[PDB]
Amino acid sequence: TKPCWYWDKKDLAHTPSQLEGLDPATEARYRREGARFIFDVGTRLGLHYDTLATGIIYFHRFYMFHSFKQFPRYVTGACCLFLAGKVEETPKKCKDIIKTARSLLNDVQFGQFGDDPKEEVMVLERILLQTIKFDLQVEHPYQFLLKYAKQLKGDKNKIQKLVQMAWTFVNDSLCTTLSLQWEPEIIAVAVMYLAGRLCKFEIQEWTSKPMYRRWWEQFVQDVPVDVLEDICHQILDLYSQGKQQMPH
């Protein structure tokens, strides 16, 4: 019917990249760099946030089936973004993605595209489509962040602060394998939960059930705090590794 696109954290110890001798830290770096490359290229081209995320999700899924040593990340990222453009109806010409990729990448990095950048990318489309098993439709945390925020009623300014902080967390989560661990609905809740703790807001008060302390259960059924905490920990670990502090 539909393919299964979620793995357990423990399973990431056995990606092709890991088994070819790449250590966990390096694959994480390669993922952040490849996701951020997709993000930066598409932002320069003026692409919708969904288009950037779809490319990134294709990218993250791809390296569950292939090794970073055999498929260069920057080529894959460009290919993903190219395909994402067509899937989400924000199309771009491959030559234009290459142009932008060259502007942003140094010469060593751009060496992955080889002697003919456009060709290396277009050829990978067959492998990409087969790898993602032709499941092109993707849902992202953004739509749920907004669907759920619309049902909150209260201080216009405290909620808008919650949404913008959470939206930032979603953008950061694209650099991680959370896209591969939890459905987008859970990600949207987790980022709302995270922002709430950081802003010291008590979200249940804004819901139709103000005495239901587990406010998220009305948006997403069957989600333990265990999960929302695991997700929060991962996002905050990115901020504790990098210099940048929580946005607040």
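Rigid core (definition): largest C-alpha set, two forms, superposition within 1.5 Å. Start at 1 with the first residue shown and count on from there.
Each structure in 8 other deposited structures of this protein is fitted to the shown form on the rigid core, and of 217 to 225 and 201 to 209 the C-alphas lie farther away on average for 201 to 209. Mean C-alpha B-factor is higher over 155 to 163 than over the other stretch, the pair under comparison being 155 to 163 and 80 to 88.
The deposited CA B-factor of residue 20 belongs to the lowest third of values across its chain. In the deposited entry, the Cα temperature factor of residue 173 sits in the middle third of values across the chain's modelled residues. Remark: residue 66 belongs to the lowest third of its chain, ranked by C-alpha B-factor as recorded. When the CA B factors of the chain's modelled residues are split into thirds, the value for residue 188 lands in the lowest one. For residue 134, the recorded CA temperature factor ranks within the lowest third of the chain's modelled residues.
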